[PDB]
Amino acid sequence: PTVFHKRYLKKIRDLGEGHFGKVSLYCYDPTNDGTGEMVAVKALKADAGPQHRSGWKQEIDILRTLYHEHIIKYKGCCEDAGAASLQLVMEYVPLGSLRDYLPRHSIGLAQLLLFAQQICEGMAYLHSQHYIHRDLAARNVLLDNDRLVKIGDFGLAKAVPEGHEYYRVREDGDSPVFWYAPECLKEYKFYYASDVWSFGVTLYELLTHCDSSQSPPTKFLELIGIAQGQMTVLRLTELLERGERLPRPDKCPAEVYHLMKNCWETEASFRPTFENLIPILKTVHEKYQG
């Protein structure tokens, strides 16, 4: 409901961008004095079509309903007269994404497990509100302080229909395939369990400290190869169906790797839910925090 008046918005730097969206940091100063609040502003590119324009409206609506300690804070909207859509004004998360953060900050296993737990809390919340995320990756997890993590982007989030257990996707070129379960790649259906597979990939990223050479696209493309034309996805699907998985990250405990493998069961019904993961991670965290 909060309206941001464009006249007090001053652009500081870009925070990120995608094919149809862009996030920039702004100081919102209705005085030009020392009370200026830092905000993250997501805008939809003016050249986006009706599909993305309606998806944007839906994305804005999704963030307005969402309220949880491990979900980025919705702040308000304002008129993007330049793009004739609204702008999503959210809180500014200071330390960035774990993808930006982890390669430069040697973080302990215990803090990593705490992040993992917090991601599950935020996700079990999203799923209780009958929404699937569809883009759960370390790049979408913002670090507030060394003990507070938040899911900070919902560009692909969708409402799970009333009499349904999954959503029909209709796959595109922007689809994060290396974070996707077999049922997503193959049957074009995204379940609540499909987000759990993606969490297993995010957990692998956390345990590799988001090292680019150890990344899911890097490791999967090494296994599939690159002379494989129009068949990266088919070859990814079949390696997953043969039981092939991302390797065990160096210094990752065997029990935690087992948990990652359990999130990556080929059979979606065999995967734990996020509500199931919370007591398990709470307990594995305490264990390594000692």
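Throughout, we count residues from 1 along the sequence that is shown.
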Counting only other entries that model residues on either side, is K189 absent from the coordinates in at least a third?
no
Please determine whether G108 lacks coordinates in at least a third of the other PDB entries of this protein that model its flanking residues.
no
Higher-B stretch (mean Cα B-factor, as the entry records it), 76-84 or 164-172:
164-172
Regarding 214-222 and 122-130, which shows the higher C-alpha temperature factor on average in the entry?
122-130
Selection by C-alpha B-factor (highest) of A227, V41, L44, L236:
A227
Of the three thirds of Cα B-factor ranks in this chain, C263 occupies the lowest
Would you mind checking where the Cα B-factor of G96 ranks among the modelled residues of its chain, as the lowest, middle or highest third?
lowest
Ranked against its chain, the third holding the CA B-factor of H70
middle
Ranked C-alpha temperature factor of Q111 among modelled chain residues, by third
middle
Compared with the other modelled residues in the chain, in which third is the CA B-factor of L9?
highest
